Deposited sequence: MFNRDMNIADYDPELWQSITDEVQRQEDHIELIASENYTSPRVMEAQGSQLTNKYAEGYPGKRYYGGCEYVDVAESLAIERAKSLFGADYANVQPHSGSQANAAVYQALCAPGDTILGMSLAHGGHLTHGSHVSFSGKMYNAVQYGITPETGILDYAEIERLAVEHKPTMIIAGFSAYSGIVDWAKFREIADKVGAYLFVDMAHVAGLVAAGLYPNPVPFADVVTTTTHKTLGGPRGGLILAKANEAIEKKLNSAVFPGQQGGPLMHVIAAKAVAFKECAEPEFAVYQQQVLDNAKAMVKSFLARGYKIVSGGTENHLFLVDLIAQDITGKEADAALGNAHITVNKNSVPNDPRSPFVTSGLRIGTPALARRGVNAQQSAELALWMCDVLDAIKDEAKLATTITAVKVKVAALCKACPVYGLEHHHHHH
């Protein structure tokens, strides 16, 4: 028998220390990484459950393993809630990640060497979008699949183009999934043949992937087999349960309010950067372009980190520097807003970031500025705790 009191702290203190350190880090650092969030304790509760013990290859009611009667309920809930949230006729909640969701779509709908028009295969690219040009490329190259993703993207126009040349329409709903769930951005599901997203970024759920589709029996069967046995074996049933409860949380009225906060916070930050003379490329994420100031993204993210502001360097369009250096920062506010930072605080935060960037060439002034900003960041982190009682 496993004693239920077995724990990491007593057994594996070095590992435990890294965990408690990370917990503390999530409190006392402001996180501006666009692809991160903070998920609810209920999601973590499901991920920490005994459902990890169940092998469940196949789909609810159609498993290759016995004993799946109760995990079928959890998975069905996740599927039904995903369909409800996105007005889909089909949802596949087994993908382990966005990478596996996307791979499965490719395997479902394309054969290697097929042509693919987008933003093993013959790739054609397109670069506000010029739909006239996308259509011209579609007609010229006859893609098997057209991919669109995330201004306001016109899904109905992509459907029109796909229809014209008999292509599948694949939408990667990355970075607008939460806005779509909240009714704040046009839904690609009615227009695409298939839609993917991760479940941990703007949806704020567990780490994993999700496939959605409007009704098409043949495409749905291809998607089924592509996920399993195509890309995966057994799904992570504890993470699927976590997906079920996260999708329930995402349907709450509070979630649309949170999504608007995400947007308002980004707008406040943008207005501060612009007011301080920093160029923005822009939405819940934006780039701070650092060309005018001769600052590298690497240089800026290091300095901001020392001030307990975690951001990622990022190449600007046509960046003259390598991707390991870059001339920009990428900022997103999903995590900022999730921990309750408001638009005014976001505005001030960006101003603190500008104080750092302005001082970055002056060693003494930069040290002085980082010291000051740290104190301000600590006070904000304490005022807006991520988890607690």
Residues of the deposited chain that carry no C-alpha coordinates are 120-138, 147-152, 176-179, 312-315, 423-429
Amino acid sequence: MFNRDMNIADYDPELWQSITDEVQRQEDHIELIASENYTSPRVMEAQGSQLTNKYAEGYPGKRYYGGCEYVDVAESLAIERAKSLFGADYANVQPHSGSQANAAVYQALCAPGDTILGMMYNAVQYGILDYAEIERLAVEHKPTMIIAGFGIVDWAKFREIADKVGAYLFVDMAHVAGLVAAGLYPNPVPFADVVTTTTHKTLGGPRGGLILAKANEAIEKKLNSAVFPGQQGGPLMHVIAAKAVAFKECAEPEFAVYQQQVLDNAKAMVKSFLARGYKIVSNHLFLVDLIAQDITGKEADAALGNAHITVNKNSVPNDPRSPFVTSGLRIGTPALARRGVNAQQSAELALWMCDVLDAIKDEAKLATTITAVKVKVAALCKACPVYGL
From here on, numbers count along this sequence of modelled residues.
Between 325-333 and 345-353, the record assigns the higher mean Cα B factor to 325-333
For 85-93 versus 103-111, entry-based mean Cα B-factors point to 103-111
Of the residues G234, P253, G178, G208, the one whose Cα carries the largest B-factor in the deposited record is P253
The residue of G183, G98, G204, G277 with the maximal C-alpha B-factor according to the PDB record is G277
Temperature factor at the Cα of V139, chain-ranked in thirds, falls in the highest
Among the modelled residues of its chain, the C-alpha B-factor of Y131 falls in the third labelled highest
Among the modelled residues of its chain, the C-alpha B-factor of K374 falls in the third labelled middle
By the entry's values, the third containing the CA B factor of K222 is the middle
The third of the chain into which the C-alpha temperature factor of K157 falls is the highest
